[PDB]
Each structure stands twice: as structure tokens, then as C-alpha cells.
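Protein chains in written order, with the deposited numbering: chain B, 1102 to 1296, 1313 to 1384; chain A, 1951 to 1967, 2015 to 2070, 2093 to 2120, 2160 to 2233.
Structure record follows, encoded as C-alpha cells.
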Amino acid sequence: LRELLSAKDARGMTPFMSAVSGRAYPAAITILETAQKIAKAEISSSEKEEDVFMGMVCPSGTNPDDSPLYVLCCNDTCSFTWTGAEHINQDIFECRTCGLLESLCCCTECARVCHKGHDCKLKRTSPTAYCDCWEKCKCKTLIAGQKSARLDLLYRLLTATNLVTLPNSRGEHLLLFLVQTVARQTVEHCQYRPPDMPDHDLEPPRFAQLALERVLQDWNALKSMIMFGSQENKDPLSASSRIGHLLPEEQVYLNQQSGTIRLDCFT
Amino acid sequence: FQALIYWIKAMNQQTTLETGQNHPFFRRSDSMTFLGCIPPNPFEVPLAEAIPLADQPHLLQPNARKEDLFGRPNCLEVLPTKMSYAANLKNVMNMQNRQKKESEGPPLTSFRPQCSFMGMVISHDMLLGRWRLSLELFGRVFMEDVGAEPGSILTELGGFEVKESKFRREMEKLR
Ligand SMILES: [Zn+2]
Ligand SMILES: [Zn+2]
Ligand SMILES: [Zn+2]
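Written as C-alpha cells, this is what we have:
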């Protein structure tokens, strides 16, 4: 089992990470419980319990954009599941890799998951639009999954792993990502109305608000967010993070300041 | 600033009144010895690096910074690190507190004054070393005005064009 759960598929994912990516939250739970058992069974080895566990859950050298705790939060439904073919004021993206050129578009969630790794750009046309991605492509955000299992899995991850401390692929700490999500949903969901084409007329997602409320109760998440931009909590991206190649004088100046742009943008 | 240097500079004039690598042949020369600086030693540093102009001759421009061409170089020893005004003022006062913490014998011709307070010894080269960029920037922006003071220290930061301003006057006078 340890080998089978630490083995990586053609996209680098363990079976656990695959269960999360596919919204099979009860399977992810089953495996995650089992992975803790396995790591706790091999305590007789000269490895630390954690190394094995992290190997099975989120292996070393994983691209941060695929870290499970982040992926679980990205797994929302396409707006179309609750707006249907009605036009609401929302953010929209073109996706040139897919021929979704400037007349066409997808909503934020499709751009984040259905078009992950493509050329996508924030579009400049009017925001009053539905999302073409369910019609033009094999849209992976149409399925909600089991909401109660999604929330249970989140709780478990927050206490099982240190993943809350990582920034995503744009330097956003998880909290700064969640609070922007809630602020965006607040505007989009207020446009919702009760009553070959995909299932529409579903109720909008409240997961980001629930997740934000729970994460904010974790000391580690909060400390990790507030200390962001300190010399210890070195932001990997867009933030003077490579310095050793400059001559020593400029280092002794440039080490002295500390960052707050993200902490201020959050607050 | 220009006036307060004048005072210390005058005081300093009252104060002053081999096959070694130290032999004058090996020492850095005109244009090369930066303000209050000590050489990047040419026997330890590559020629390519010691003099980017001697490395690349076409690098000379009329308005290039001298720092490029010859290679980039207690109250004065610690650099201006803090940006805040207030902390610098407070530190200045604390440093000042560190230093705080007929005539029989000499006739006037034997008077030995100096500047000794605020620092234990100030010589203007040190200060030209400390505020180097502010000075160079003043040495472009304020030259027409603060440079009109008699013997204004800004003209010593005068590049090519200052010398050329004298050149036309002298050559046309000779013509
Ligand atoms: Zn969509
Ligand atoms: Zn989609
Ligand atoms: Zn795409």
C-alpha cells in the first residue's frame, strides 16, 4: 500500500491527490485515514513518521499549484450550475489555447480548473455573460460532489498537514485567496434568483465562506498569514527573492526592509 | 550643507598647516581614486573588473558616471541605513551624546584649532564618501546656483561639461 499510494501518475499525482482532483471526497477521506495508518505503521523505520505521510499526501517537488489543501478550495462549481443561461455581472476570461478567443469566454472557476495551465487572460468585454466552457469543451466544474464530505476533508487536512503555510503559484497565501473569493462571491451571488444542456437551477456555493470562517480559527494559518513578507516567511514570487548574486553592499541595504503589500491588501 | 563644509574645510587647512606594491607606479592615479575611498587592488582584482573602461574602450561617454569607468568603490563609519528622518535624528543625538559622555605658552601663530565635536575628527573627504549619491545629484541639479558660491564644493563634482565651459572661454580668449 505505501508504494501504491506514493507512486505518481502521468501528471505527478498520488491516488490521494487524484481523489481530491476528481471530487471523490469519501475516497480521499478513506485513503487519507489509511495513509495516516501506514505512516504510523512504519514508525519502526529510520525515517520520521511525517516524511512518509507527506510523501503519500503531497510529495516533495510538487508544483505548489497542485498542493491538495489549495486544490480542495479551488474545486467550486461553474456559475452556470446556478445561473443557467442567464447573464449576470461576473469576471470572465478568454482561453487562447482552446480557441475561446475574445468574443467567447469562461467564468473564473473554469479558468482556474478547466483551463489550468492554458494561455488564459482576464477579458475586457462587458461582465454580463454566462460561461461557454460547458458547451465548447469537456467542463470539469459542472459536478458539485458531496458537500458534507468536501467540508469534512477540509477539516482533516487543516489538522493533518502543514500545507496551510504554502503560498500558491502567484504568491497568494491561502487566506488571501479565500478572502478575495468571498468578496467576489458576495457580488455574484446577490444576482441569483429562485425559479443537451447541463443541469442548471442549483443553489450557489457557500463553501468559501465556511472555509474562510474555519481557517481563521487556526492559529497556524493566522500566524502564517500575518508574518507573511518577513525575512523568515520569504515570498517566493515577484518579491526580490533572489539576491545572492548581487555585490555585498546592495545585500546589506536590501535585506533590511520587510514586506507588507499582501498583508495590507488582505487587511 | 555647502556652507557647513566650508567651515570644516577651513578648519582642516588650519590642522594641516621601493619595489613594493606601495610604490607610486602601482598606486591608482587621476580619475581613479574615489572620494574618501581605498583601491580595489589591481593585483587582486582582474583588469577587466578593475577598469571597465580599460577593458572596453568604447564605454566612455561624455555624461557617463565616473563610478562605471574606473569600477564602483562612530558617526561616519555606519552607513545611512534607515529611511525615516526621525530615527536618523534620534541616532544623531545619541551619537552626539557618545562624544558628550599675552598668552603664556602659545602665541597666536602657534594656534592649533580643528573641528572636534559631533565626530572626533571630520575631514571633508569622509563626508564626500558618506553622502556620495546626494552629492552627485546636487552636482547635476543645483550646479547653476549653489555652484555659484565662491569655490562652491559642487564644482569639484563637475564632470566633462564644467571643464569644457572653461575650455571655450580660455581657447576663444587665446584665439
Ligand atoms: Zn464556467
Ligand atoms: Zn468549465
Ligand atoms: Zn483552455
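Idealized CB from N, CA, C, for every residue including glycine.
Beyond the five residues adjoining it in sequence on each side, residue 1379 of chain B comes within less than 8 angstroms, by CB distance, of 1272, 1273, 1274, 1277, 1345, 1346 and 1352 in the same chain, given in chain order. Relative to ligand 2, residue 1135 of chain B has its C-beta separated by 6 angstroms or more from all heavy atoms. Here residue 1218 of chain B is exposed. Its C-beta has fewer than 16 other C-beta atoms within 10 Å. Between the beta-carbon of residue 1954 of chain A and that of residue 2186 of chain A there is about 13 angstroms, and that puts the pair past the 8 angstroms contact cut. Residue 2107 of chain A carries a helical assignment under DSSP once its states are collapsed to helix, strand and coil. Taking a C-beta cut-off of 7 angstroms against chain B, the contacting residues of the region 2098-2120 of chain A are 2100, listed in chain order.
Each residue's CA atom was taken as its position, placing residue 1221 of chain B and residue 1202 of chain B some 10 angstroms apart. With fewer than 16 other beta carbons inside 10 angstroms of its own, residue 2169 of chain A counts as exposed.
In this structure, ligand 1 has no non-hydrogen atom nearer than 6 angstroms to the beta-carbon of residue 1196 of chain B. Close to residue 1373 of chain B, with beta-carbon spacing below 7 angstroms, are these residues of chain A in chain order: 2100. The count of Cβ pairs closer than 8 angstroms, one atom from the region 1187-1194 of chain B and one from the region 1251-1261 of chain B, stays below three, leaving the stretches out of contact.
Secondary structure of residue 2113 of chain A (DSSP, three-state): helix.
Given a length threshold of 4 residues, each whole run of the alpha helix (DSSP H) inside the region 1247-1296 of chain B is given here in chain order: 1248-1261 and 1275-1290. Residues of the same chain with a CB within less than 6 angstroms of the CB of residue 1289 of chain B, apart from the 5 flanking positions on each side, are 1191 in chain order. The beta carbons of residue 1242 of chain B and residue 1179 of chain B sit about 4 angstroms from each other, so the pair counts as a contact at 8 angstroms. Annotation: the continuous beta strand (DSSP E) that includes residue 1194 of chain B extends over 1193-1196. Put simply, of B:1175, B:1125 and B:1132 the residue whose alpha carbon is nearest the alpha carbon of residue 1324 of chain B is B:1175. Residue 1222 of chain B has B:1195 as its beta-bridge partners, per DSSP. Following the DSSP letters along the chain, one finds residue 1120 of chain B inside the alpha helix (DSSP H) bounded by residues 1116-1122. For residue 1102 of chain B, no alpha helix (DSSP H) run applies, since DSSP gives it neither H nor E. When DSSP reads this structure, residue 1189 of chain B sits in a beta bridge with B:1230. Judged by DSSP in its simplified three-state form, residue 1207 of chain B adopts strand. In terms of CA proximity to residue 1295 of chain B, B:1182 leads the group B:1182, B:1160, B:1240 and B:1208. At a Cβ-Cβ threshold of 7 angstroms, residue 1132 of chain B and residue 1117 of chain B count as neighbours.
Within 10 angstroms of the beta-carbon of residue 1105 of chain B lie fewer than 16 other beta-carbons, which makes it exposed. Taken through DSSP and simplified to helix, strand or coil, residue 1201 of chain B comes out as strand.
Residue burial annotation: residue 2182 of chain A is buried, with at least 16 other C-beta atoms found within 10 angstroms of its C-beta. A residue is called buried when at least 16 other Cβ atoms come within 10 angstroms of its Cβ; residue 1381 of chain B does not meet this threshold and is exposed.
Taking non-hydrogen atoms of ligand 3 into account, the C-beta of residue 1208 of chain B is found less than 6 angstroms away from none of them.
Closest in C-alpha terms to residue 2096 of chain A, from the list A:2178, A:2120 and A:2161, comes A:2178. Around residue 2213 of chain A, the same chain offers 2201, 2205 and 2220 as residues with beta carbons nearer than 8 angstroms, after the five sequence neighbours per side are excluded.
For residue 1149 of chain B and residue 1128 of chain B, the gap between their C-alpha atoms comes out near 26 angstroms.
By the criterion of at least three beta-carbon pairs nearer than 8 angstroms, the region 2046-2055 of chain A is not in contact with the region 1349-1365 of chain B.
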